[PDB]
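Notes follow once the structure below has been shown.
Just so you know, all these numbers are worked out from the coordinates, no wet-lab data involved. No Cβ is skipped: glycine too gets one built from the backbone with ideal geometry, and neighbour counts run over all protein chains shown.
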Amino acid sequence: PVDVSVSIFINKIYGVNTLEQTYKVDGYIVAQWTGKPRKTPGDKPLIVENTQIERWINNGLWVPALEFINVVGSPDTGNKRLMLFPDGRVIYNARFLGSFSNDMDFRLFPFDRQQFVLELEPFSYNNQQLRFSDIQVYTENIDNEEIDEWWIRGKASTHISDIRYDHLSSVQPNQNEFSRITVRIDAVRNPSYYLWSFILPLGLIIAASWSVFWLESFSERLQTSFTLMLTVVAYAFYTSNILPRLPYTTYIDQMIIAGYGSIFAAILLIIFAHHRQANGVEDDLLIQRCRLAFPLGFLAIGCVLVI
Amino acid sequence: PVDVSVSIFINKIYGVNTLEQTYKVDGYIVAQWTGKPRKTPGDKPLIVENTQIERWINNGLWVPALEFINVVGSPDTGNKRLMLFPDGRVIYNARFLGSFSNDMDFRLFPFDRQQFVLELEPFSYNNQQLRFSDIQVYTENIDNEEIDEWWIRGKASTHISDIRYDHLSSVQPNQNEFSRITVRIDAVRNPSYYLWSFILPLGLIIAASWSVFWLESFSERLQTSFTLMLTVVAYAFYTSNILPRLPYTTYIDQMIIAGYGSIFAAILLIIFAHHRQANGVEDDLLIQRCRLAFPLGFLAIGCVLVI
Amino acid sequence: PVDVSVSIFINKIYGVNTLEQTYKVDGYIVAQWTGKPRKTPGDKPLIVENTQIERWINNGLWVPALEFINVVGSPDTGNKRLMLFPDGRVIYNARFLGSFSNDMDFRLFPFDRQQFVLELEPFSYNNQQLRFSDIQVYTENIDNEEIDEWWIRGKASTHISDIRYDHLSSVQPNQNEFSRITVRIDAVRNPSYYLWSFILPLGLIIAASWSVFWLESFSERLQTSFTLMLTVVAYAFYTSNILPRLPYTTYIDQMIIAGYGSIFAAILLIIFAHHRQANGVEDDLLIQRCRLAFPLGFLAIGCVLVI
Amino acid sequence: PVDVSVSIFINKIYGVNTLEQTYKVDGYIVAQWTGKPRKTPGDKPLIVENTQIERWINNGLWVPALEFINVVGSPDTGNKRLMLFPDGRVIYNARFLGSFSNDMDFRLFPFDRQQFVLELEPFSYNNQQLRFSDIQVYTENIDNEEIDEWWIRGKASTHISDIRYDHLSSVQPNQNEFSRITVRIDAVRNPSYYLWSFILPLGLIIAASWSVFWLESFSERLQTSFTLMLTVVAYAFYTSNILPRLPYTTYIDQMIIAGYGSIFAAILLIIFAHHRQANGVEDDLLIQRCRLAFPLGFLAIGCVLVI
Amino acid sequence: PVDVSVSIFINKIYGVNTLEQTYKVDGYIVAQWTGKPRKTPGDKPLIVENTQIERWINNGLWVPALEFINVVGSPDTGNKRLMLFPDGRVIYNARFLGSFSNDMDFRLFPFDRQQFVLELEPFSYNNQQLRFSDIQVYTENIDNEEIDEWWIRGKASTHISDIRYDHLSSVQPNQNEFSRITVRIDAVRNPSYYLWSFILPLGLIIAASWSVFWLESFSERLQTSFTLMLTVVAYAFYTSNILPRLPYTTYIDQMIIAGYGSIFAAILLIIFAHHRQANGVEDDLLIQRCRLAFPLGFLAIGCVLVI
């Protein structure tokens, strides 16, 4: 097996999509191995640019094809370069721009903490014919940066592992184990936009819904709380588009459901207060003194749900 | 006829679109056949990478073109590889990423059960010149997984069949029958998101519409039920985008139509109660005691429609 | 002139767009002509796959370039194939996927009947050098099918004609007449979705607008009819996106305009009833008995407009 | 300098975008020049198709690269063709599909009159080495047609000019003047859709806003005019998407601003009528008789603004 | 090191996206260096077009690959050209169309001032093997122009610097310093559209919210201010799409938050005025005379926030 020494340089991470859980990584990859010595013009290394690499692979040069496993589509490989040294070592440099995909988990949605993963692996040569020695990831252009809404926290974690493939067990009997490099970058979402845009107005609307009890009539109370029903209908539209159709519920939609429950509870309470008249004349003050009980109960429900 | 032994490895299924009934399958295809023996360097097999396969097909190697029938666009074939063995057998490995399309049926929409189909077929050689022996589908990366909102249920069903083509009956008189491989993966939708997002608030709004009868006036009742008309207008917008313009109706839109019918029935009932005054003085209590009759009738209508 | 015998096989029609009046046709094209005899390996026909056709056109083979006239962009030609027979005849098979465009007419919008047109024509050789003998269109995969919302009615109509081109009259003096094949498939829209989604709720809202006269006040009538003004404002949004900005009006927007006219007529009528008080005391009953006159007048207006 | 005689054939103009001020032109280009004589097979002209032109440019044929200046992206050149005549003249035919861009001016928006411009120019050879003799534009397929919403008015205006380039003044000292062809097609927008969709309902809503004065109360007037405030808020959404963020204002948004001013003027007038009570008892009839003054004043303001 | 003399000609800047902070630059690049002399046909310079450059790089010509660092995707290089002079100097001209990306800062959003940056750099040769002598940027086509909504202010600032790369420090020990050219163009946003579209109606709605105190009731005040709550909910939708989810807040959203605070303050004030009745009979005039205090306080809050 030949020892290849990868050195990825993340130039930028952008386009971080949460609907499809993809992101775009732009950067450089530098693989380096050693082979039989050769004679170059002079004793200085020879730089062979893009589309001149095919004039050398045709003549018998060995350049492996390192692919990215977790990519969506194919990478947009721009320039590429091959440095040939007289002492016998080859360096393959390339520029990649990929739409990578990782399994994201938005259980906590506004205060979410995710990681971006690049997986690199030879396409043809297993670990008996090509092994990765080491990786250095030079993530210095995004070291502590706000990319669009993510803080990139700390360094990048690098790992080299062996993967078993079973569809190649019928064509390669005992050597189908492929070397693989995994690079993980930890990112933390910036919750400020959702705090001042999706949580403060929901707080104001729910507080206004609490204040419907201070009217001294009935039909005016019903009409006002139905208007607030319509208003909290609007926020389902306003928050639908930012996230995927997840089977679980996040914090933002837990407040939406709590707002629906509060509106419906207030309407049902004033309806039952209208029907509490056993003789048609009895006034209700114990159930209408929920002006201190309903906000405290909502705070307790919100606290037990958030805890 | 030469016997080709396909072995598809589904790496992932994603991007499952219901508006256009397409999905994206990313994976590997491994075809294997046998030919005349040859001399390789040594006695070890020879790996010929991408764009070096054309230097061999030009010299006279026989590599068939296996296409995907149900694809939208063309597959984004990334790397490809050709293993040539000294004993005479050839193995063609390729990586495919396709936007496939199948005929989906959303009669039941939130509890829907669908299947994803890959169809593979030679482009040029009929079953007198190329036959498929067997297929093993290695769907172990999506075996029991929630891809975005689908459970993948169990194994993958594989089939090999013969297809008649009639536009080639004028150019190939008696041999136009093409071998074909069909792979079906059964997926079950996850109804949780529609349960807590599109059914619970419609239930609350329809219950609030039931509670309009407990007012003791007339014009307040009319204004309140028209506000609820507007609110259920909003949910047509809110549910329009998730599905294709189907000629039939699903469960979600059956509840939308039931909500429209309930609002209009309540408005028409209170209008007829206002016009039931034969002398201008007669009060109505039998038709205004539908506070127990309207929810039970709605439950019976919903139950007979759902059954 | 050489006689080419085209045989198109429509595999599917999908993506039928009405905003841009394009559609996507996926299928196969099989052209067949005869030339000088040749020696193949044995006496069996020779199949030359994709990218091996260029090794034959370089050596002097004659393969014409048949283009599609009404295409948007360029076709996504996938595989292609060339069958060379020892008796001297050549067969060029190709797989095409095109975004074609035809002049659609949505005068009647929900009950619309359109046709999908494929036009095929040589790029370089006029009818003195290349003539089309016949076409057989094998539309058996979409024969009577609901593609997304269109019934495909019956067979496909095929035509072969000659087209004059006048920009080539300065470079080809008397022979600029190009052969052309036109294929027309008749499709009929499925009006069910618009019936139960865009016409039933507009009917309910217009009926509720008719029922505003049964109030016995004035300001309540004005506020209610302005709420219904807002509701029919919403349907302009709800129906804007499904169709192109046409200079004429369809059935759906004729109902939108009729709803606007009904709301404004009711508001103007109750305003004039408020101002009919010549002494400030005279009550109006003849103009307020339009509870039977307004729905009948709306039905007559709708019937004369639809007829 | 060699004399090239271009002959553009506009096949269709479509996709006319106003947000980005681009449009798509599909058609053919035919350039023709004369060179040294040559021997062809026989004495008939030789047709060299796509990808066979490179076998001739490698051997020393001179084919200039005519580019389009005002294009967005690169043209999607489909087929191309080269006719070589024994008398010594060459004809280069190509099919182009370009997203062209022109500086549009929507000062008058619904009754707008624009022109579509194609600019063609050699890439390498200045007018000392390549001159354009003439252009004939064969715009007969779009001569008087409604493309999507534009009438194409009359013929196409053709011009041949010389352009100075100053970045090539440091590499070409005295000859950097490039020949150029400009083709202008005049199109007139079809205002019918905006008349019956964006102007008639704004007229109805503004008329209903005029009719708020005929109420005989105060708070009902305030609530009604605030509902109409909300309704004219909706039309900002409804008209935002059809046009670019222009620094000036068009006719449609001038009516939106006039509607906002009318609603606010009516609200401020009834507020000042409520506060005109110097003793708390004085009734106002001169300022409340604006039921004839407000519509006439709005008509005068609209007329002076439109004139 | 060889001295390359770049000369960029910005043809246009368009497509300026603020959601993703990218923009599209279309133009020409002209690099020029000197080498060993050569014999051309005659003594006139030799123009080698696109795809004929590969016939010269194969024979041993030295053409460096200048890449753009801050690009998204890869540039859409259209035509390219190579001028070879007998005195020994080479000129490489190319046409580029790139989606470039720069770090934008929308702290002030409507009156924003940004700059568009092009960064150009050799891919393979460091500054010991390739140095940039100078750059002239010919930005005369966008000199003082309104591109879509940006004024381009003045000339373009050009800079040539040296960049250290550390992933190449393991393969190039002491010479990994790459020459680089940065071009900055200063653009100023045109605030007119946001002034007459997003600030004038928010001013009108906030003024109408100030005018809720002039009612002489309580429940009518509450219902009116809740309607204005709904109206300012709509503008969060109306302004969400124009900008990225920034952690800070701009001017437009500061007015949105001020409108929410004003509505909630008015509602809470009238609620506390209803509960100021210590005996159930005491009328409030000092707290209800905020008709002059609330607008002045809002003006002071807006002024201290804007300053």
Karplus-derived 3J(HN,Hα), 6.51/-1.76/1.60, for each residue of region B:297-306, Hz, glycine and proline x: x, 5, 5, 5, 5, x, 6, 5, 5, 6
Per-copy distances of the E:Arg184 label point, shortest first, in nm (7 angstrom along Cα→Cβ): 4.0, 4.0, 6.4, 6.4
Intensity falloff of chain E expressed as log10 I(q)/I(0), Debye formula with alpha-carbon point scatterers, at q = 0.07 Å⁻¹: -0.49
Among E:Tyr251, E:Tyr238, E:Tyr194: highest mean-square fluctuation, GNM of chain E, C-alpha pairs under 10 Å: E:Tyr238
Whole-Hz ³J(HN,Hα) from phi, Karplus 6.51 cos²θ - 1.76 cosθ + 1.60, for region B:241-258, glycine and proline x: 8, 6, 9, x, 6, 7, x, 9, 10, 9, 6, 4, 6, 5, 5, 4, 5, 5
Relative compactness, the protein assembly as shown, computed as alpha-carbon Rg over 2.2 N^0.38 Å: 1.04
Relative contact order of region C:1-190, defined on C-alpha pairs under 8 angstrom at six or more residues apart (%): 26
Highest-MSF residue in chain D out of D:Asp186, D:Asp112, D:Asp76 [GNM, Cα springs under 10 Å]: D:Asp76
For E:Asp87, label point 7 Å along C-beta direction: distances to other copies, nm: 4.3, 4.3, 7.0, 7.0
Chain E: angle of helix E:219-240 to the longest principal axis, Cα-based, in degrees nearest 10: 0
C:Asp134 long-range amide H proximity, modeled H, under 5 Å: C:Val6
Label-point gap, in nm, between B:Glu20 and E:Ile301 - each point 7 angstrom along Cα→Cβ: 4.8
Note, ³J(HN,Hα) from phi for region D:80-89, Karplus 6.51, -1.76, 1.60, rounded to Hz, x at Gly and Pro: 8, 8, 9, 9, 10, 9, x, 6, x, 10
Distance between modelled label sites at E:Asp76 and D:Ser192, nm, 7 Å Cα→Cβ extension: 3.4
Max mean-square fluctuation residue, GNM over chain E, Cα-Cα springs under 10 Å, options E:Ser74, E:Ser170, E:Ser133: E:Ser170
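How many Å³ per residue does the convex hull of the Cα positions in region B:191-307 occupy? Write down the numbers at each step before the final one.
On the way: hull volume 13.8 nm³, N = 117.
Once divided by residue count, the hull of region B:191-307 is 118 Å³.
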Across the identical copies, how the C:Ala293 labels are spaced - nm, sorted shortest first, 7 Å along Cα→Cβ: 3.4, 3.5, 5.6, 5.6
Alpha-carbon centroids, region D:60-92 and region A:176-234: separation in whole Å: 60
DSSP-loop GluC sites (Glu not before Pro) across region D:173-264, with at most 15 other Cβ within 10 angstrom: D:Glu216
For A:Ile69, distant residues with modelled amide H under 5 Å away: A:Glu119, A:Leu120, A:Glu121
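May I ask which of A:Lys44/E:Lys36; A:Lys24/B:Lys24; D:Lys36/E:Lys44; A:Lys80/B:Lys39; B:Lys80/C:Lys44; C:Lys12/E:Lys24 have a Cα-Cα span longer than 26 Å here? Let's see the in-between values first.
Numbers: A:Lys44/E:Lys36 20 Å; A:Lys24/B:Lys24 18 Å; D:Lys36/E:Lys44 20 Å; A:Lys80/B:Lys39 34 Å; B:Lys80/C:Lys44 31 Å; C:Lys12/E:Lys24 37 Å.
Among A:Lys44/E:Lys36; A:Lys24/B:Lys24; D:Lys36/E:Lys44; A:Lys80/B:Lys39; B:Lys80/C:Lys44; C:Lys12/E:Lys24, the Cα-Cα distance tops 26 Å for A:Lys80/B:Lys39; B:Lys80/C:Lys44; C:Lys12/E:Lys24.
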